[PDB]
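This report concerns only the one structure given below.
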Protein chains: 4
Amino acid sequence: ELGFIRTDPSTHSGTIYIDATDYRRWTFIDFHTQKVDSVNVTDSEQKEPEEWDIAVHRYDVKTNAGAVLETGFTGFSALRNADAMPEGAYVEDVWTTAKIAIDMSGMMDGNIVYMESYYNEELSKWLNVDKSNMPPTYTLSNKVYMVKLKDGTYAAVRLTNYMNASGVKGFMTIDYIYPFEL
Amino acid sequence: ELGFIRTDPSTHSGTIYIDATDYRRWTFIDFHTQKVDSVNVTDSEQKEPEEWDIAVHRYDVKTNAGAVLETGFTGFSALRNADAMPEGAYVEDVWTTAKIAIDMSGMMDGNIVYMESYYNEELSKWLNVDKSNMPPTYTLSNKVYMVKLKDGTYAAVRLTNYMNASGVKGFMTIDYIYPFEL
Amino acid sequence: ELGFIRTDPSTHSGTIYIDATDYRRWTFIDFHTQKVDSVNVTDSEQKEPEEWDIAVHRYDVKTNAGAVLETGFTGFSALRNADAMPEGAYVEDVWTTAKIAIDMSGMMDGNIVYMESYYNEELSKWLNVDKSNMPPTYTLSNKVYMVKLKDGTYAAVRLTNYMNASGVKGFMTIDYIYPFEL
Amino acid sequence: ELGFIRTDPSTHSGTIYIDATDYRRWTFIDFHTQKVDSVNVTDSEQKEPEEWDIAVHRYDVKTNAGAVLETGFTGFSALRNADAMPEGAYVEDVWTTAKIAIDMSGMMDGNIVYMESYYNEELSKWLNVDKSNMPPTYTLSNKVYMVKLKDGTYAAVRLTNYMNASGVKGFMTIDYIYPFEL
Ligand SMILES: [Cl-]
Ligand SMILES: [Cl-]
């Protein structure tokens with residue numbers, strides 16, 4: 001009951017459910033093979049897999065030389081009715097040095113430890129965390145993201161939830177269509 | 001390609017797509033039998049069907065002696081992970097005399113013709129039309145609505161879109177789970 | 001129900017009623033054969049017919065290598081009594097790249113999607129949509145347009161309405177005389 | 001990895017490390033047998049164990065017909081050298097209806113869902129969560145709590161941490177001496 005938990009071959013779709021709670025973890029997702037792999041960045045014996053499509057760290061996401069465009073669609077049944085692909089320019093990952101927090105334990109003292117990493121600003125819009133509010137607000141975009149993968153095929157992805165059943169944050173429920181074809 | 005357009009018996013779910021564009025029309029939906037029927041309110045020869053679960057008029061919706069509660073869920077994969085039903089009190093339909101517009105053609109002269117009808121204020125939250133803005137904003141709630149039907153069973157419903165593929169308003173894409181069971 | 005719905009052969013006149021609601025559609029009108037054909041511009045298996053006189057997309061109109069004069073007449077009874085053909089310059093279609101909207105949904109791309117197309121500016125005056133007001137105001141010109149066709153014959157056309165009986169916009173009621181002769 | 005992870009039999013002491021992150025869970029600790037058991041309160045096939053000494057739900061704690069004294073000691077070395085048992089009133093659990101949160105998601109119901117439960121107010125002082133600040137401040141008391149068990153034996157407990165190594169809250173590190181004897 002973690003990873004590719006539900007899949008429907010006839011509609012090329014399914015649901016991924018992963019424990020992205022730990023700040024030391026990247027969870028790699030491969031839509032081609034339906035595999036999920038975790039890497040603890042503080043363990044040099046653990047390396048990223050040879051093949052992967054997206055990677056999630058807490059609410060942050062990166063692609064594997066991919067590009068992403070946020071659509072206006074809020075569900076797959078609406079997306080399947082579209083007549084044409086987007087004309088817009090997809091967004092590639094950017095290199096970051098103060099974005100991916102690997103240790104949050106000293107945050108009450110203003111000390112967050114970061115790692116350097118690629119990060120996709122477009123796909124990470126799947127959740128807006130506005131810390132300036134008391135209390136901070138966690139807002140799902142509810143949008144379908146079109147992800148152009150390095151092999152030229154596309155995945156349609158949507159973050160449907162960021163909590164487990166009782167409200168613990170960092171459990172990510174990701175619906176997908178792969179390969180997405182009009 | 002109108003009515004119950006996609007259904008998956010194994011997950012008790014599917015998608016309804018209906019032309020709710022005309023203001024004279026009520027479209028009746030029966031999740032039990034997967035049937036859709038239209039009634040032109042200006043034609044006395046057309047009567048409502050003997051059995052139905054929800055009815056849609058443009059963006060307005062009513063139940064057949066049912067009750068509705070808006071959940072916080074924005075997708076079915078999130079809803080299926082819940083451990084318990086809501087504790088809250090569901091909302092029953094209210095009688096209205098100036099809500100259901102059957103003729104909008106004189107609206108530029110401030111004349112709208114209404115009919116008297118039941119209306120569910122909770123389920124109709126599926127789309128918020130704020131006419132006070134220039135231009136008016138059409139905002140899908142994206143929420144899953146729990147509908148307790150008169151026979152004691154439940155349907156989970158979500159309005160995923162209010163437009164056809166080119167943007168014509170009043171075509172409603174409704175995803176559902178019936179019977180919904182934890 | 002749709003097309004050349006009312007015709008009077010003794011006067012070579014009638015009324016055309018078309019569903020021009022969809023932004024992907026061009027509806028081709030052939031006054032010579034009293035036929036109407038639709039083409040969904042997103043489906044490359046649907047082709048423009050071999051013969052046609054005018055084409056309508058929502059409120060937009062183009063001709064088939066024709067030319068149009070907005071006459072001073074606001075009814076057919078006065079036009080039928082004219083002793084000479086109306087004076088003035090007949091205006092040919094112009095090319096446009098941001099006039100014919102084919103996707104207004106804002107879903108695949110946030111912006112309106114336009115197609116490149118010929119467009120008759122004179123005949124398109126049959127309806128003025130003033131967007132500078134909120135709500136925008138829709139004013140029928142009530143003028144009779146003379147359309148000089150490529151074979152040298154003439155059609156007289158007048159848009160009498162742009163909504164169906166309940167106020168759904170995009171249903172076009174067009175009165176015509178073809179072949180127009182003094 | 002979890003449970004009684006470090007023990008020193010020569011001093012009857014050790015460290016308990018538990019995943020108390022989930023709001024549906026009660027983790028039962030039995031100092032007599034060095035066993036830990038979890039119960040998901042939403043699953044009626046999971047029952048409380050026959051024997052247990054204290055139980056933890058996130059930062060909340062209750063006893064098994066026990067009683068607790070927050071002593072003045074802030075370390076075990078000084079406690080082990082005490083010449084008499086600490087003075088003060090041992091405090092029994094109190095009944096609560098809006099203290100033990102079992103669903104913090106706001107999904108089925110917008111409000112927090114609480115369960116009715118016993119709760120030890122004295123032992124729950126091991127962590128102070130001051131919600132009147134934004135961000136809320138988490139202060140460990142660092143005190144040694146003496147827990148008088150129903151069999152008349154005593155456990156000394158001290159919460160040394162409430163987060164895992166990356167800052168994920170709800171992982172509880174509890175140092176203990178059982179059976180505590182002077
Ligand atoms: Cl950065
Ligand atoms: Cl009313």
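Residue numbers start at 1 in each chain; chains themselves are named A, B, ... in the order of the structure tokens; ligands are numbered from 1 in the order shown.
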
Item to complete: Can you check which residues of chain D have any atom within 8 Å of chain A? Use only C-alpha atoms and format it as number ranges by chain.
Response: D: 21-24, 102-106, 134-135, 137, 163, 165-168

Around ligand 1, at most 7 Å away and counting only C-alpha atoms and all ligand atoms, which residues are there? Put them as a PDB file with N, CA and C atoms, in the first residue's frame, please.
ATOM      1  N   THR A  96      19.153  24.887  -7.897  1.00  0.00           N
ATOM      2  CA  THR A  96      18.890  25.635  -6.668  1.00  0.00           C
ATOM      3  C   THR A  96      19.901  25.261  -5.596  1.00  0.00           C
ATOM      4  N   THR A  97      20.219  26.219  -4.739  1.00  0.00           N
ATOM      5  CA  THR A  97      21.128  25.979  -3.616  1.00  0.00           C
ATOM      6  C   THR A  97      20.484  26.205  -2.248  1.00  0.00           C
ATOM      7  N   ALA A  98      19.377  26.947  -2.172  1.00  0.00           N
ATOM      8  CA  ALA A  98      18.704  27.237  -0.911  1.00  0.00           C
ATOM      9  C   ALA A  98      17.212  26.961  -1.006  1.00  0.00           C
ATOM     10  N   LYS A  99      16.830  25.850  -1.628  1.00  0.00           N
ATOM     11  CA  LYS A  99      15.426  25.473  -1.780  1.00  0.00           C
ATOM     12  C   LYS A  99      15.058  24.146  -1.118  1.00  0.00           C
TER      13      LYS A  99
END

Worksheet entry | Residues near range 72-89 of chain D, cut-off 12 Å, only C-alpha atoms, skip fewer than 2 positions along chain, as an MDAnalysis selection string | chainID D and resid 11:14 67:70 91:92 122 126 140:148 154:160 175:182

Can I get the selected residues back with C-alpha atoms, as a PDB file, in the first residue's frame?
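Once everything was written out, this is out-v9.pdb:
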ATOM      1  CA  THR D  11      20.880   0.071  35.497  1.00  0.00           C
ATOM      2  CA  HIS D  12      17.306  -1.013  34.483  1.00  0.00           C
ATOM      3  CA  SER D  13      17.375   1.873  32.044  1.00  0.00           C
ATOM      4  CA  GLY D  14      17.012   2.580  28.397  1.00  0.00           C
ATOM      5  CA  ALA D  67      -0.597   8.210  38.651  1.00  0.00           C
ATOM      6  CA  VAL D  68       2.174  10.686  37.786  1.00  0.00           C
ATOM      7  CA  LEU D  69       4.393  13.169  39.635  1.00  0.00           C
ATOM      8  CA  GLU D  70       6.464  15.709  37.730  1.00  0.00           C
ATOM      9  CA  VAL D  91      -1.931  12.802  39.669  1.00  0.00           C
ATOM     10  CA  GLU D  92      -4.371  10.369  38.042  1.00  0.00           C
ATOM     11  CA  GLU D 122       0.933  15.868  34.588  1.00  0.00           C
ATOM     12  CA  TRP D 126       6.765  16.665  29.073  1.00  0.00           C
ATOM     13  CA  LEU D 140      10.562  20.052  26.237  1.00  0.00           C
ATOM     14  CA  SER D 141      10.125  20.270  30.053  1.00  0.00           C
ATOM     15  CA  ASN D 142      13.284  18.121  30.587  1.00  0.00           C
ATOM     16  CA  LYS D 143      11.776  16.947  33.898  1.00  0.00           C
ATOM     17  CA  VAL D 144      11.782  13.396  35.136  1.00  0.00           C
ATOM     18  CA  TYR D 145       8.212  12.099  35.611  1.00  0.00           C
ATOM     19  CA  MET D 146       7.646   9.366  38.203  1.00  0.00           C
ATOM     20  CA  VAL D 147       4.804   7.050  37.082  1.00  0.00           C
ATOM     21  CA  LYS D 148       3.270   4.987  39.914  1.00  0.00           C
ATOM     22  CA  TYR D 154       7.457   2.883  39.600  1.00  0.00           C
ATOM     23  CA  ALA D 155       8.867   4.005  36.254  1.00  0.00           C
ATOM     24  CA  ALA D 156      10.982   7.176  35.835  1.00  0.00           C
ATOM     25  CA  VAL D 157      10.477   8.731  32.334  1.00  0.00           C
ATOM     26  CA  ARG D 158      11.902  11.753  30.542  1.00  0.00           C
ATOM     27  CA  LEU D 159      11.077  12.946  26.980  1.00  0.00           C
ATOM     28  CA  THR D 160      14.398  13.898  25.384  1.00  0.00           C
ATOM     29  CA  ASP D 175      14.409   7.690  28.434  1.00  0.00           C
ATOM     30  CA  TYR D 176      13.277   5.435  31.289  1.00  0.00           C
ATOM     31  CA  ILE D 177      14.261   3.572  34.433  1.00  0.00           C
ATOM     32  CA  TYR D 178      12.027   0.608  35.255  1.00  0.00           C
ATOM     33  CA  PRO D 179      11.678  -0.666  37.979  1.00  0.00           C
ATOM     34  CA  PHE D 180      12.767   2.477  39.766  1.00  0.00           C
ATOM     35  CA  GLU D 181      14.067   1.648  43.291  1.00  0.00           C
ATOM     36  CA  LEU D 182      16.147   3.663  45.767  1.00  0.00           C
TER      37      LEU D 182
END

Discussion item. Need to verify the contact set: residue 49 in chain C, 8 Å, only C-alpha atoms, exclusion of same-chain residues closer than 2 positions in sequence. Can you return it as a PyMOL selection string?
Written reply: chain C and resi 28+37+47+51-52

Response to the item:
As a check of understanding: the span from CA of residue 60 in chain A to CA of residue 117 in chain A is 10.6 Å

Worksheet entry | Backbone-only DSSP, strand (DSSP E) members of chain A, as a ChimeraX atom specification | /A:3-8,13-19,25-30,35-40,54-57,60-63,67-70,91-92,94-103,113-119,127-130,137-140,145-148,154-163,169-177

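For the atom pair formed by CA of residue 9 in chain D and CA of residue 53 in chain D, the distance is 18.8 Å, given to one decimal.
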
As a PDB file with C-alpha atoms, in the first residue's frame, please: every residue in range 29-158 of chain A that a backbone DSSP assignment puts in alpha helix (DSSP H).
ATOM      1  CA  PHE A  76      -8.681  13.857 -15.881  1.00  0.00           C
ATOM      2  CA  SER A  77     -12.249  13.471 -17.225  1.00  0.00           C
ATOM      3  CA  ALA A  78     -12.053  17.186 -18.325  1.00  0.00           C
ATOM      4  CA  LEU A  79      -8.502  16.736 -19.773  1.00  0.00           C
TER       5      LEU A  79
END

Discussion item. Report as number ranges by chain all protein, DNA and RNA residues lying within 6 Å of residue 93 in chain D, evaluated on only C-alpha atoms, omitting residues in the same chain fewer than 3 positions from it.
Written reply: D: 118-120

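Atom pair CA of residue 7 in chain A / CA of residue 34 in chain B: separated by 24.0 Å.
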